[PDB]
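Heads up, the chain shows up twice below as structure tokens, two forms, tagged structure 1 and structure 2.
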Structure 1
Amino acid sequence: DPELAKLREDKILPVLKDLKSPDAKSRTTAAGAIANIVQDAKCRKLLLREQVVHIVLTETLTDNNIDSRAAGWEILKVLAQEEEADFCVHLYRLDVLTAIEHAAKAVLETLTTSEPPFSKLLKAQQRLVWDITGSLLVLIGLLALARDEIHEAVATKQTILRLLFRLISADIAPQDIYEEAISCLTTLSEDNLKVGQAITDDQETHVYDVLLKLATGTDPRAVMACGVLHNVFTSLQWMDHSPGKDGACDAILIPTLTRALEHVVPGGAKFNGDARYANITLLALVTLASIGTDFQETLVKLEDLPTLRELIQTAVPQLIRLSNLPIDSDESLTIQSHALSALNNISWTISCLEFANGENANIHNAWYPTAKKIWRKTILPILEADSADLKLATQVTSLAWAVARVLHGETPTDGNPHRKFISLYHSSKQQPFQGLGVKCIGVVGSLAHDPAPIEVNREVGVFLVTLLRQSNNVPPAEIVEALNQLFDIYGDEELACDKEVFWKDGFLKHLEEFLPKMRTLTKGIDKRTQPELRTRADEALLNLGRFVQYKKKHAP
């Protein structure tokens, strides 16, 4: 390729010689140059071919001049932001974490020294320190997110943690730096024991107390603090069933998060006069969604369940309200999506509990009427409105499935929701257990249980059986869910749908006939690559055999 040779000749080779040499404008200038050169795919790749990282790690970063070190860190930053995660793995294998640790060491020295105190430095100098800090914070987050192994290595770098704690507790860095430090620590504290411990055991800066005061009060950064504290509560297992210092758990954060949601209204979401308050709103929703997942452990292990209690009484009403706001922008659509996400997580967690035989009766009773309200106030209104967005259809269907799993035959029939989900099912196929197809099958089967009307049961039953008869374009995960739905609905000879549908419409012939196709398809699922699906398919194949013999034994 001759166009690459010239491109290499006229923008790559020159700037690299600039990156080199004794001085030193050229280095921040190199960097700034690369910040835009790096943006082009073809220019970025030539630079990597020209060994820029090796240069930066051996020369630019180890330079006595801070203007040079700053330029070096900027270059690694923009590269990491543009490449895939494997680039971060590469920096990691080159031992970039030791260099980051050394730079954070120097930053921390400069911020805490009285010789001279940081405030007494010339503004141009303080800015370079912020330049570098900014680059480091971004890099640390990207690296942690690239691989679990790198995340754990970062957690062992006590000096990185101390820099974060100091930036957060001293509360004297510029706004963007404080926010990036909060965001970085949020990333590092997610599912990480060592980080959680470092935060709660920090008696140099008492970062945990600083965070706790902020999360609980009226500072506009309350929600940011909440994000970090929730991550550590889950990591350390500070929960309802085993509270942390002074009873600490997710429940103590829910008020602040719910408070953030009442400020959202149809009309004003983000302003220039009010910038990125829009910022609190989505962070609150993201945190609420994470709590909705994480609190599963308390349910397994409502005076003793304050988090569940706060989710039902305080959070969910606002989530419902936000889920159904008039859309008048992209912000309102993003907000609706984030609200559905949190509702979904909360609702799925509760529906995974065993309720038959009067188990978890207290939770069931506390939730049931909220389940019905979500069905009526969120699900139905979205369903009416033939939105073509599959993302939104996927979310509403996922939530509906979660809710219908609790309601079953008591799910409202208002508006014939089953027909819309079946219709959604077919339309999706015209544009593994997380597929939209599976979700449609799940919700529709759930609402068909006795005491659903017989014709609701019949339309759903006939849909499910027709998947078995015409399974050419039906993936295994959908077959497995369809079979399981059928087992749940027609397993009882004393229910009206047994004689009035199962036997009358000849479902048995079609189930029995499916068996060979089921054997074939179950074997086709690779155990190495899809062990969870294969396991569920084998169980369904076994139950299909059992169900067929049972129905024959009880044939009318």
Structure 2
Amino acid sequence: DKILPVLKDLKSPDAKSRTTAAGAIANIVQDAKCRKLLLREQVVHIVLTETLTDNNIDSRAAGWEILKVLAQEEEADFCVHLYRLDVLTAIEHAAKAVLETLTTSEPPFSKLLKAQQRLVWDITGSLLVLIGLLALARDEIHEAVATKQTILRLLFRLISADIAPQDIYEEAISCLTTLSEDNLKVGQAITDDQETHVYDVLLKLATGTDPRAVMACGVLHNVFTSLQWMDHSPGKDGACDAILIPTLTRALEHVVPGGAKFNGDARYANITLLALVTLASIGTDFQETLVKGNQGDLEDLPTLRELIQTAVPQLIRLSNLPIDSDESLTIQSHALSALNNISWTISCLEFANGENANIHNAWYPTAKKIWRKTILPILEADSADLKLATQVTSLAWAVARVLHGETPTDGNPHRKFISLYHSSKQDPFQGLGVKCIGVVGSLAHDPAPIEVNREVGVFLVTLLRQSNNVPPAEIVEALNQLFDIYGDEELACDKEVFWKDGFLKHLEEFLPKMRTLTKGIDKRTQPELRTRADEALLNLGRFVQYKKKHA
């Protein structure tokens, strides 16, 4: 009943009164409830069709914020409704005005009035935030936004000139990070700009002493992946993820225990969390360098070199430290995510026989440190998380796929992972149980302690004897682990455990059981597990013959 008469004014033919109302609705649309009523009376329709194209720049700044605020307070869909109403054109036209104001030499920007200047920033802030929101909405909106050259060139102009207020600067980087995430066109836009040289400006800033260096790394990493500027195919001046890693690592160097918060702290969301998340993405995306490299002293792999020598030491430090506070509870978590992604990618390499020897010597000692300094301390205090339990087992599984029973036996870790499996009993292959099977299986290969092998082997086989309630994926992993371990009659454990404890009978007994559960899996929902299980029974049959043939 207060807002009803406010809106009438917005359509008033007296520019003074409309422009005032706009002012008030931008505040009033903040509190909930006043916003439900404001949206039902056609606020979005007026603002779009009248207020954003009004002649007065105070009116247009309120218009944009009314949309900004609404976009923020509303659910994600509200943006699609905005997209459909063609807000993007409104934004593009307004964007083209900011640039004309910013890049004009007639009036010209620095010679504007203080209050006049502040208004151009208001409008930019509303624009920036909006673009950010719609790009997050759906893939089509993302590719509609990225299409708009005016929008892009606005972004390059802001990042490049560095005259904008910092809150505007950071929002512009944020935007371009989202726009550039797995988007080829944007990456080409950034690297093809001879007008403002955003790419050069970004490089210089991502490499130097500036406080916002990591922020520029987040943009550049996205560009390097999208354009496949990688170790096999370096970008401009040998550019690839390699050059971002030291900056990203010097960012972890500064975070030390006992200083969570301050009176003035402009770096914490950006400075620390961003660096970790990006290191972990770098971990993920290096996997694509290995695949693409193949279709065509880690000197040839600088990204991998930097990851191991520089990135990983700081991540083991960060994984270790408390944890005094919830915020450092998140630093640990993210540190563990990066270790995880790197360790996993690396373990996606063939190291059997002599294969990839160069990379195996680079990694192996580090893999041992990760296990002793990270995985083991954390495993020492049983309680209490499931989320965290799950994170350490994933990493342990990645590190033990390379270590292969060379992996340290210290706190008898296999027994802990084994107890983890059973107790956490209370996409098939992402089960934590699968993870328990795979790590314990991997550290039990030769040349491990023959009793460590006996336990692990007994657990794996028990799994089959009592397959009555084990999830089919966990059966497949168990069978692969066993084949992986006891398929060599020269290994002490083949005679010392496989034969000594007659593993062969359980395997021969399990064959029928294994055929019915396989056919129990819908090929059509879902394929992978089915075809994977078919290979395990296949291998299971071939495995029961080969030994059958050996005392």
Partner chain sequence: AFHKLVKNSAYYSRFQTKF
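For the two forms, the rigid core is made up of the largest set of C-alpha atoms that agree within 1.5 Å on superposition. When a residue number appears, read it as a position in the sequence of structure 1, where counting begins at 1.
Asks: Choose the one of the two that is the form deposited without the partner chain.
Replies: Note: form deposited without the partner chain is structure 1; the other is not.
Asks: Of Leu142, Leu447, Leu399, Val438, only one moves its C-alpha by 2 angstroms or more between structure 1 and structure 2 once the rigid core is aligned, so tell me which.
Replies: Result of the comparison: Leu142.
Asks: Can we say the CA of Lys509 moves by at least 2 Å between structure 1 and structure 2 when the core is superposed?
Replies: Superposed on the core, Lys509 moves its C-alpha less than 2 Å between structure 1 and structure 2.
Asks: Using a rigid core superposition, assess whether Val548 undergoes a CA shift of 2 Å or more between structure 1 and structure 2.
Replies: Comparing the forms between structure 1 and structure 2, which are aligned on their rigid core, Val548 does not shift its C-alpha by 2 Å or more.
Asks: For a quick test of reading the superposition: does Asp40 move by 2 Å or more at the CA between structure 1 and structure 2, rigid core aligned?
Replies: Shift of 2 Å or more: yes.
Asks: Keeping the rigid core fixed, work out how far the Cα of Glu190 travels between structure 1 and structure 2, to one decimal in Å.
Replies: C-alpha shift for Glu190: 2.3 Å.
Asks: How much does the C-alpha of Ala85 move between structure 1 and structure 2, in Å, given a rigid core overlay?
Replies: The alpha-carbon displacement, core-superposed, is 7.2 Å.
Asks: If you line up the core, how far does the Cα of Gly268 move between structure 1 and structure 2, in Å?
Replies: For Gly268, the C-alpha ends up 1.5 Å from its position in the other form.
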